[PDB]
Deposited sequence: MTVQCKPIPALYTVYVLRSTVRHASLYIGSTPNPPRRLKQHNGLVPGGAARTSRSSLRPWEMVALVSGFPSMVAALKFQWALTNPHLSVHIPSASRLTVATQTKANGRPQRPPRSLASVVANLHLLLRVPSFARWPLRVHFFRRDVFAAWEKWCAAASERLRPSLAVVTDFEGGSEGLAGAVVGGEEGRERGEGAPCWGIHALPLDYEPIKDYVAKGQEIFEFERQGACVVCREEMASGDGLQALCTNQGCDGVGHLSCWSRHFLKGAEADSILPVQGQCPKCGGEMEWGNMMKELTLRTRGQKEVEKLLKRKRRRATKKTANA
């Protein structure tokens, strides 16, 4: 595929600030811009949110870290259509609002555990106290816990916040990317930290340790066999060189950015 892993892509839970019982599920790489579309300040809002008496809307929660627009668009469909989403791996093939906030939370809790989405490098954000409360209430009643890998974060107002504190670009990894460009432009990649084989410039996919100040590089297929030391998609892992913990999602963001988004990198480094 021609594109790198997107900076930000989200599936969000929109709610009316006027009737809390009115909800809506969507996806966007630009949460602030899309919220303005729902509130009528920018053309392009959905039909359900068009209603004057329901504006303004708010984004009370969202899942981010989807590694493609397709991945987000599929999670968004399964969350909008819980009665049609079959979570057993299957050979298969306006918006009606959700029933309640409690059903969105239960189905979101379900979706983050089903095999289709269990290993995606995702993260849940909660921006309102009462929505986060219903989430914790369901999590405590449930027996099957969530991945420790799956970070669930909050950002309540008080003490730029919410979707307006989410970075819409590649700035959060800009240091990591800078480390990457200089390691490979000057051919300082050495040997694979796993198989101990020399890695000539341009010889397959060479992934870079995400911890700052460490220059450990390895063949992509070696890095994954190391994290998984059955299963295909790695999640969390430790660098054999620096000993630091790594998320497999961040390591792929940089690799695809270095390999398929060269123009995106030069713009980041300015």
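**Student:** Compare the deposited sequence with the modelled residues and state the ranges that are missing C-alpha positions.
**Tutor:** Those parts of the chain that were deposited but carry no coordinates are 1-3, 97-108, 175-196, 267-270, 312-324.
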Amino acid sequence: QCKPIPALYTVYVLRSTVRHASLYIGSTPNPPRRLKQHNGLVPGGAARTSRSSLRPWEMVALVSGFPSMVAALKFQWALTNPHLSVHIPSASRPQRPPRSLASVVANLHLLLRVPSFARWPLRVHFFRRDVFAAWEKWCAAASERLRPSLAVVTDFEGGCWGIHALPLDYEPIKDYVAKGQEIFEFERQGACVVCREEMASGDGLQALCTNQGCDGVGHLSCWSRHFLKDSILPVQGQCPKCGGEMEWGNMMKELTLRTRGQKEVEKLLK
From here on, numbers count along this sequence of modelled residues.
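**Student:** Return whichever of 10-18 and 255-263 has the greater mean Cα B factor according to the PDB record.
**Tutor:** The stretch with the larger mean CA B-factor is 255-263.
**Student:** Regarding 114-122 and 150-158, which shows the higher C-alpha temperature factor on average in the entry?
**Tutor:** 150-158 has the higher mean C-alpha B-factor.
**Student:** Which listed residue, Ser64, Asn30, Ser221, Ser52, has the largest C-alpha temperature factor in the record?
**Tutor:** Across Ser64, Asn30, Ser221, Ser52, the entry lists the biggest C-alpha B-factor for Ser52.
**Student:** In terms of CA temperature factor as recorded, identify the highest of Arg93, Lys74, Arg128, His109.
**Tutor:** Of the candidates given, the C-alpha B-factor peaks at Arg93.
**Student:** Considering every modelled residue of the chain and its Cα B-factor in the PDB entry, is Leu35 in the lowest, middle or highest third?
**Tutor:** CA B-factor rank for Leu35: middle third.
**Student:** Which third of the chain does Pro234 land in by C-alpha B-factor: lowest, middle or highest?
**Tutor:** Lowest third - that is where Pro234 ends up once the chain's C-alpha B-factors are sorted.
**Student:** Using the temperature factors of the C-alpha atoms in this entry, rank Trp135 within its chain: lowest, middle or highest third.
**Tutor:** For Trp135, whose C-alpha B-factor we compare with every modelled residue in the chain, the answer is the lowest third.
**Student:** Sort the modelled residues of this chain by their C-alpha B factor and say whether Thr80 lands in the lowest, middle or highest third.
**Tutor:** For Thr80, whose C-alpha B-factor we compare with every modelled residue in the chain, the answer is the lowest third.
**Student:** Lowest, middle or highest third: where is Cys195 by Cα B-factor in its chain?
**Tutor:** Within its chain, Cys195 is a highest-third residue by C-alpha B-factor, going by the deposited values.
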